[PDB]
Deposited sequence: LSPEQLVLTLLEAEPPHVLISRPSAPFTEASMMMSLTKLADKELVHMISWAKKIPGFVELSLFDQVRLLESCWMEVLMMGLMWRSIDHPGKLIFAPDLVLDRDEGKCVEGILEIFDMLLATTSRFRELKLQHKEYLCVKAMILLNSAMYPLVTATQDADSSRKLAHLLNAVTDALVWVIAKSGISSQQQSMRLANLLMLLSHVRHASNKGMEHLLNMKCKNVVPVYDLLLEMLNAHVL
């Protein structure tokens, strides 16, 4: 499976956007969390289907598939959020009809911090002019790199996606040194995504304990991350 075919396969596997609408009135702490969690819940279902379309993912052991998904889900959700927001500075496009202003992050205690590192990272991806194909590779890499016989099969799958990303950057036409530098600049941002995910999951868990918003079923299983 050549790099182009892998990239092409990821492009097709892109899940359609989940449509959710902003509540009628100005957000309240409860209505914002209900919105964010309802969207996350529905996107998680599609994320599972997306993952199965990633070459070799279904060939890993069920337990590994689970561990990988329990470990990266929020990062994947956020990587998708930043991409949708790439062409809208100061804005977070959670959904077509759910465009949040940084200032709206004031109604939920502690989420404003989250919105900021997301906006900051987005600005960075904007600075670098992240491309669609690049984005596809990176999101897949996040899933396969969340390693937080298949283990060997996993490494091979990550190198396949890495090769694809390398291939995409090469097609841009920049010098060989600049390709290396771009590959580096793009990947140095994964640490930021991982950190944002951590704050996000700590935050959501807190909102749940606070009874600020209900969290149950699939969203919950992912949150607890212990179905195994």
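A.B. asks: I have the full deposited sequence and the modelled structure. Can you tell me which residue ranges, counted from 1, have no C-alpha coordinates?
C.D. replies: Missing C-alpha atoms (numbering from 1) occur across the range 149-158 alone.
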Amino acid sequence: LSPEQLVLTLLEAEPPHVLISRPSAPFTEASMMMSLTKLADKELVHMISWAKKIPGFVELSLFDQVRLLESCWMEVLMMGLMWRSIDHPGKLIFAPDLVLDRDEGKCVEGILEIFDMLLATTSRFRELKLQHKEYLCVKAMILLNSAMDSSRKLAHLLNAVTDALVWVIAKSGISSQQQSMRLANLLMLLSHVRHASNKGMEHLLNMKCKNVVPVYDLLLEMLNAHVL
From here on, numbers count along this sequence of modelled residues.
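A.B. asks: For the stretches 196-204 and 35-43, which has the higher mean C-alpha B-factor as given in the deposited record?
C.D. replies: Mean CA B-factor is higher for 196-204.
A.B. asks: State which stretch shows the higher mean Cα B factor in the entry: 117-125 or 149-157.
C.D. replies: If you average the C-alpha B-factors of 117-125 and of 149-157, the larger mean comes out for 149-157.
A.B. asks: Hey, what third does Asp163 fall into on Cα B-factor, ranked over its chain?
C.D. replies: For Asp163, whose C-alpha B-factor we compare with every modelled residue in the chain, the answer is the lowest third.
A.B. asks: Report the third (lowest, middle or highest) to which the CA temperature factor of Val215 belongs, ranking only the modelled residues of the same chain.
C.D. replies: According to the entry, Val215 has a C-alpha B-factor in the chain's highest third.
A.B. asks: Within this chain, which third does the Cα B-factor at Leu11 fall in: lowest, middle or highest?
C.D. replies: Bottom third by C-alpha B-factor.
A.B. asks: Which third of the chain does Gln179 land in by C-alpha B-factor: lowest, middle or highest?
C.D. replies: CA B-factor rank for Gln179: lowest third.
A.B. asks: Determine, from the deposited record, the chain-internal third of the Cα B-factor for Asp64: lowest, middle or highest.
C.D. replies: Tercile = middle for this residue's CA B-factor.
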